[PDB]
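Peer 1: Just passing along the structure, written as structure tokens.
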Amino acid sequence: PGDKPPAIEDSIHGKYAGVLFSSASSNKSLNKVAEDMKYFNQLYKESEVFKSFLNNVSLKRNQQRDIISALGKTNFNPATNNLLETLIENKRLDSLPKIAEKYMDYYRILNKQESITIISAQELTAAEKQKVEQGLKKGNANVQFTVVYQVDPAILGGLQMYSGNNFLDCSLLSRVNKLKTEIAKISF
Amino acid sequence: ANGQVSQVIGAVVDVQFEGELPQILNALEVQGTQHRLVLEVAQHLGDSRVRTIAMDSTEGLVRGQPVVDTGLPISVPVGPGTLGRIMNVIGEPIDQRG
Amino acid sequence: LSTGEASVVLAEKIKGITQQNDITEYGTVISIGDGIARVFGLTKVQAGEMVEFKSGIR
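Respectively, the protein sequence lines represent chains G1, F1 and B1. Oh and the first sequence: position 161 is 192 in PDB author numbering, straight run, nothing missing. Oh and the second sequence: position 45 is 72 in PDB author numbering, straight run, nothing missing. Oh and the third sequence: position 14 is 47 in PDB author numbering, straight run, nothing missing.
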């Protein structure tokens, strides 16, 4: 996609994540690095000793390299191996987890699948929900999506959709307030 | 000579050491300079780096230049021989009297 | 790769480095200067606690 990450940021974790995404996406591969960084995220939270290792800053560069090699030399994309070696040289090993997470964000942005959340006061009947799918489908009609439900609003009989980063308000509460305000400003 | 010149900022000079570091206030001597350049350890910035103050002009230095750790602070010659003799801050005679 | 690598990293940790003493009671000085020391791994310390360094200074 032009070896250009979704967004450019000057943050520490953002800088490395952007360079890795561009460098990774450059030659051929993006998913390989995604699985590698994902493994660190799962291991960073599952293994307690691994967390203390990265957070450790008083450790020497040569010592950090030996421990990283013990973890694994294979099953990690060369981009990931080169990234770790750079962090050790720049003492940025402590920022490893943030980089991992930040990288996945960019990858999730490239992912086409999106989650749409519908907010409604009254319970959505099985038949009613079916009609909602046809409306959302006919609206886009060119991208697959997964629907999620959450009913705890303050509005009554109103519909509010959240689709990743977009918000469309079809709530009746908005209509009520709009009319009550215009009827007051008639200036008769 | 287990030290190296990491950076040079005017008179201040940072030395990259390996293993043990020079104790604070110790006197370090640069190797390869035209004249004897002594550096007084001021503090340890961390990451095997130390910040020192140069006793002589730091002109002509180079990054990665080897530095030797004297192990002790600036040592100046004391005694009756200094009487009637002009001594430098680093203990060198500047009166051309030997 | 595998999730059980924690034991592998733990093994390399104890032998690879002659360090990592009882962290909960001991610590390492990252940096020293301007009358301030950056101790490391001095967990469980209390605000105002009295610590002692190697040379005996407190």
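Ideal Cβ positions, reconstructed from N, Cα and C, are used throughout, including at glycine.
Hey, is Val-78 (chain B1)'s beta-carbon within less than 8 Å of any beta-carbon in chain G1?
Peer 2: So, not an interface residue.
Peer 1: Could you tell me which chain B1 residues have their CB closer than 7 Å to the CB of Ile-51 (chain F1), listed as they occur along the chain?
Peer 2: The contacting residues are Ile-65.
Peer 1: I'd like to know if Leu-72 (chain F1) contacts chain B1, where contact means its C-beta is closer than 8 Å to some C-beta of that chain.
Peer 2: Yes, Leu-72 (chain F1) counts as interfacial toward chain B1.
Peer 1: Whose CA, out of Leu-55 (chain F1), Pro-107 (chain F1), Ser-84 (chain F1), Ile-51 (chain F1), lies closest to the CA of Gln-70 (chain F1)?
Peer 2: Comparing Cα positions, the closest option is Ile-51 (chain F1).
Peer 1: So if I threshold CB-CB distances at 9 Å, which residues from the segment 130-151 of chain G1 count as touching chain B1?
Peer 2: Within the segment 130-151 of chain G1, no residue qualifies.
Peer 1: Give a yes or no on contact between the segment 107-117 of chain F1 and the segment 59-66 of chain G1, applying the rule of three or more CB pairs nearer than 8 Å.
Peer 2: Judged by Cβ distances under 8 Å, the segment 107-117 of chain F1 makes no contact with the segment 59-66 of chain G1, as fewer than three pairs qualify.
Peer 1: Could you check the C-alpha separation between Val-94 (chain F1) and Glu-120 (chain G1) for me, to the nearest Å?
Peer 2: One C-alpha to the other measures close to 22 Å.
Peer 1: For the segment 135-203 of chain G1, list the alpha helix (DSSP H) runs that are entirely contained and at least 4 residues long, ordered along the chain.
Peer 2: Here the runs fully enclosed are 157-171.
Peer 1: Measure the alpha-carbon distance for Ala-152 (chain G1) versus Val-163 (chain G1) and round it to whole angstroms.
Peer 2: Near 15 Å, if we compare the C-alpha coordinates of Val-163 (chain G1) and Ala-152 (chain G1).
Peer 1: Please classify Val-80 (chain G1) as buried or exposed, where buried requires at least 16 other C-beta atoms within 10 Å of its C-beta.
Peer 2: Answer is exposed; the Cβ neighbour count stays below 16.
Peer 1: Kindly give me the distance between the Cβ atoms of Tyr-137 (chain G1) and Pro-36 (chain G1), rounded to whole angstroms, as I take these residues to be in contact under 8 Å.
Peer 2: Going by Cβ atoms, the distance from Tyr-137 (chain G1) to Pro-36 (chain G1) rounds to 5 Å, so yes, they are a contact pair.
Peer 1: Can a CB atom of chain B1 be found closer than 8 Å to the CB of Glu-77 (chain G1)?
Peer 2: Yes, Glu-77 (chain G1) counts as interfacial toward chain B1.
Peer 1: Report yes or no: is there a C-beta of chain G1 within less than 8 Å of the C-beta of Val-84 (chain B1)?
Peer 2: No, its Cβ sits nowhere closer than 8 Å to a Cβ of chain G1.
Peer 1: For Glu-56 (chain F1), which residues does DSSP report across the bridge?
Peer 2: The partner list for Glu-56 (chain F1) (beta bridge, DSSP) reads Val-65 (chain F1), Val-95 (chain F1).
Peer 1: Among the candidates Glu-213 (chain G1), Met-68 (chain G1), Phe-219 (chain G1), whose CA atom is the shortest distance from the CA of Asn-113 (chain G1)?
Peer 2: Nearest option by C-alpha distance: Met-68 (chain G1).
Peer 1: What do you get for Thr-111 (chain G1), buried or exposed, if any count of 16 or more other CB atoms within 10 angstroms of its CB means buried?
Peer 2: Counting Cβ neighbours within 10 Å, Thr-111 (chain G1) comes out buried, since at least 16 surround it.
Peer 1: Measure the C-alpha to C-alpha separation of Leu-115 (chain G1) and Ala-172 (chain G1) and round it to an integer number of angstroms.
Peer 2: For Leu-115 (chain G1) and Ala-172 (chain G1), the distance between alpha carbons rounds to 43 Å.
Peer 1: Which residues of chain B1 have a Cβ atom closer than 9 Å to the Cβ of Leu-102 (chain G1), listed in chain order?
Peer 2: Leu-34, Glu-38, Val-41, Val-42, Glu-45, listed in chain order.
Peer 1: Under 8 Å, do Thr-148 (chain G1) and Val-179 (chain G1) count as touching if we go by C-beta distance?
Peer 2: In contact: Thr-148 (chain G1) and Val-179 (chain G1) (Cβ atoms closer than 8 Å).
Peer 1: Taking Cβ-Cβ distances shorter than 8 Å, what residues in chain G1 pair up with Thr-57 (chain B1)?
Peer 2: Result: empty, since nearest Cβ-Cβ is about 12 Å, beyond 8 Å.
Peer 1: Kindly list the residues whose CB is nearer than 8 Å to the CB of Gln-58 (chain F1), restricted to its own chain and excluding five residues on each side of it in sequence; keep chain order.
Peer 2: So the list reads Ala-28, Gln-92, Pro-93, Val-94, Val-95, once near-sequence residues are dropped.
Peer 1: Residues of the segment 86-98 of chain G1 in Cβ contact with chain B1 at a cutoff of 9 Å, in chain order, please.
Peer 2: Cβ contacts with chain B1 come from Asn-87, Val-88, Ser-89, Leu-90, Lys-91, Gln-94, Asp-97, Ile-98.
Peer 1: Just mark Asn-87 (chain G1) as buried or exposed, buried being the case when its beta carbon has 16 or more other beta carbons within 10 Å.
Peer 2: Buried, since its Cβ has 16 or more Cβ neighbours within 10 Å.
Peer 1: Quick check: is the beta carbon of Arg-71 (chain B1) nearer than 8 Å to any beta carbon in chain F1?
Peer 2: Yes, its Cβ sits closer than 8 Å to a Cβ of chain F1.
Peer 1: Since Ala-55 (chain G1) is in the beta strand (DSSP E), which residue starts that stretch and which ends it?
Peer 2: Run containing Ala-55 (chain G1): none in the beta strand (DSSP E); it sits in the alpha helix (DSSP H), 43-58.
Peer 1: So, helix, strand or coil for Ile-65 (chain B1), using DSSP?
Peer 2: DSSP places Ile-65 (chain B1) in strand when its eight states are reduced to three.
Peer 1: Taking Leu-74 (chain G1) as the query, report the chain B1 residues whose CB atoms sit under 8 Å from its CB, ordered along the chain.
Peer 2: Those within 8 Å of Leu-74 (chain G1) in chain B1 are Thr-36, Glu-38, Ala-39.
Peer 1: Under a Cβ-count criterion, where at least 16 other Cβ atoms within 10 Å of its own Cβ denotes burial, should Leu-110 (chain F1) be classed as buried or exposed?
Peer 2: So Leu-110 (chain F1) ends up on the exposed side.
Peer 1: Do we get a CB-CB distance below 8 Å when we pair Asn-113 (chain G1) with the residues of chain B1?
Peer 2: False, the Cβ-Cβ gap to chain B1 never drops below 8 Å.
Peer 1: For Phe-176 (chain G1), tell me which candidate among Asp-183 (chain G1), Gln-165 (chain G1), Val-182 (chain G1), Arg-206 (chain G1) has the shortest Cα-Cα distance.
Peer 2: Nearest option by C-alpha distance: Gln-165 (chain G1).
Peer 1: Between which two residues does the beta strand (DSSP E) harbouring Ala-44 (chain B1) extend?
Peer 2: Premise fails: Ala-44 (chain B1) lies in the alpha helix (DSSP H), 38-49, not in any beta strand (DSSP E).
Peer 1: How big is the Cα-Cα spacing for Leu-34 (chain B1) and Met-83 (chain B1)?
Peer 2: Approximately 45 Å, taken between the alpha carbons.
Peer 1: So, with DSSP's three-state summary, where would you put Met-114 (chain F1)?
Peer 2: If DSSP states are grouped into helix, strand and coil, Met-114 (chain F1) belongs with the strands.
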